[PDB]
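Enquirer:
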Ligand SMILES: OC[C@H]1NC[C@H](O)[C@@H](O)[C@@H]1S[C@H]1O[C@H](CO)[C@@H](O)[C@H](O)[C@H]1O
Ligand SMILES: [Cl-]
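Numbering (the authors' numbering), first residue to last: 5 to 489.
1. Quick check on the DSSP output: what are the complete alpha helix (DSSP H) runs of length 4 or more inside the stretch 325 to 371, in order along the chain?
2. Taking the C-alpha atoms as reference points, what is the distance between residue 355 and residue 303?
3. Short of 6 Å in beta carbon distance, which residues of its chain neighbour residue 209, apart from the five on each side in sequence? Order them along the chain.
4. Pull up the CB-CB distance for residue 253 and residue 310, whole angstroms please, since I reckon it's below 8 Å.
5. Below 7 Å between beta carbons: does that hold for residue 268 and residue 313?
6. May I ask you to verify whether the stretch 9 to 29 touches the stretch 49 to 57, counting CB pairs closer than 8 Å and requiring at least 3?
7. Over what stretch of residues does the alpha helix (DSSP H) that includes residue 33 continue unbroken?
8. Can you tell me which of 416, 148, 104 puts its alpha carbon nearest to the alpha carbon of residue 271?
9. From the DSSP secondary-structure annotation, give me the bridge partner or partners of residue 87.
10. Whether or not the stretch 216 to 235 and the stretch 273 to 284 are in contact is what I'm after, with contact meaning three or more pairs of Cβ atoms, one per stretch, closer than 8 Å; do they touch?
11. Quick check on residue 107: does DSSP put it in helix, strand or coil?
12. When DSSP labels each residue in this structure, what does residue 289 get in the three-state scheme?
13. Is residue 320 helix, strand or coil by DSSP?
14. Which word fits residue 288, buried or exposed, when buried means at least 16 other C-beta atoms lie within 10 angstroms of its C-beta?
15. Using the rule of at least 16 other Cβ atoms within 10 Å of the residue's Cβ for burial, across every protein chain shown, is residue 225 buried or exposed?
16. Based on Cα-Cα distance, which residue from 20, 63, 95 lies nearest to residue 87?
17. Tell me whether residue 122 sits in a helix, a strand or coil according to DSSP, three-state version.
18. With a threshold of 16 other CB atoms inside 10 Å of the CB of residue 293, please say whether the residue is buried or exposed.
19. Would you check whether ligand 1 has a heavy atom nearer than 6 Å to the C-beta of residue 47?
20. Excluding the 5 residues flanking residue 93 on each side, which residues of the same chain have their C-beta closer than 6 Å to its C-beta?
21. DSSP state of residue 95, grouped into three classes?
22. Which word fits residue 363, buried or exposed, when buried means at least 16 other C-beta atoms lie within 10 angstroms of its C-beta?
23. When every heavy atom of ligand 1 is checked, does at least one fall within less than 6 Å of the C-beta of residue 96?
24. Mind reading off the beta-carbon distance from residue 414 to residue 10? Whole number of angstroms is fine, and I expect it under 8 Å.
25. Residue 14 and residue 419 - do their beta-carbons sit closer together than 7 Å?
26. Could I get the ranges of all uninterrupted alpha helix (DSSP H) runs contained in the stretch 393 to 477, with 4 residues as the minimum, in chain order?
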């Protein structure tokens, strides 16, 4: 029965540390976290904002508010998942507060605007630095990858005691906007709204030069980005690229989609190699976040996945390539949409979150990875919780031992007073009993081994072998066998 237990984590508020890098919510959180403990919660997740910590200048790390926050988490007796948040808070759905990346990094952009992901009209997205500059020493002598590595190293040295005490158990490495390994292909600030197909955000000069070099290297130096792709708010049928039997199927289109999605995979791999070196020997799991682009999943072109950088089609598994890249690092996948049913989505959007969830979870498990999930949108109701329960144990309870597959964890978005009062709290507490297979809370479940060094580097051609043949997902039960009631 104990093999069935799934840990439950709760996301702290976006301003758990204030926008001025001070810890102001000690009284409120102490109460709120006591309520989470009373409900059997295993831990919390928190954004560790680059903009707050390295805000005053290069290598001026001010960890003191996060230390106060983390002491409080420890005193409550909860585990902790730390996100290395190298992105801006703001513009993305649910972001109530405003925390840019460091001002001194933005100041570099006033001279070299190509440090930012750039769209086809030339608009600069300031939420994250382009993967184009991962290895370009533009930031007062440092590259973007060096900045990320130094930040993680300073985190390790400063939070060593929380690491040694087994409080911090997971490091989620932010790899893009909203901390997700993707391009900013659906930005509300540039006028996108649901369920627009999005746009390819590869027009910064660094990525343009990368494309020309890749194209010349296959004997097509003339080739350019596709220009029959429409705009943010189009539907697929209204573009020659994404329509049924469109130019996404051409040799040119295929080369472009591979190049764009490959760069994301290489960005993840490089950064995970550095993260693994940092946390070598500590009892933590490294994780990445894959964004849940469920819209247009039901049409042949998977348009919105393609623009986000996920090269996923009926005969090409664009998530198992990513999982295969992660395997050498023993990195986990944190996914989203665990609370969503296809019947809750609008028809127009051609949306299939249930199938997308099944695809990504099955890709992780086939590669031997731990897989965790989050809810995409706020939900307080039994149905949502039952949908999560189904995804947490897709073949139900195993009475003899553990089930064939299960989530390694589930993180709930997001803590507030609303969660810990009234009927909301009764529902949530019941949901946590069910995720624990109705057993008491066990702080020593899922012990981590000392992080081993990443295995040998494999090439992009080796990673891409996972794309085909595309396999059906493992069968999922329609409904959980252990509902909230
Ligand atoms: O948690 C990742 C992402 N999953 C899909 C949800 O719809 C999004 O709201 C979240 S992003 C959100 O929360 C993150 C973790 O607290 C932040 O890093 C990010 O800035 C927020 O936009
Ligand atoms: Cl296989």
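A virtual CB, placed ideally from N, CA and C, is assigned to each residue, including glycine.
Expert: So, from the listed chains and residues:
1. 357 to 370
2. Taking the straight line from one Cα to the other gives about 9 Å.
3. 118
4. Not a contact, Cβ separation roughly 12 Å.
5. yes
6. yes
7. 30 to 42
8. 148
9. 51, 176
10. no
11. helix
12. Three-state DSSP puts residue 289 in a strand.
13. Of the three classes helix, strand and coil, the one that applies to residue 320 here is strand, per DSSP.
14. buried
15. exposed
16. 20
17. strand
18. buried
19. no
20. 18, 99, 101, 103
21. Note: residue 95 maps to coil in three-state DSSP.
22. It counts as buried.
23. Set against 6 Å, the gap from the CB of residue 96 to the closest heavy atom of ligand 1 is smaller.
24. 6 Å
25. yes
26. Runs of the alpha helix (DSSP H) spanning 4 or more residues and lying entirely within the stretch 393 to 477 occur at 426 to 439, 464 to 468, in chain order.
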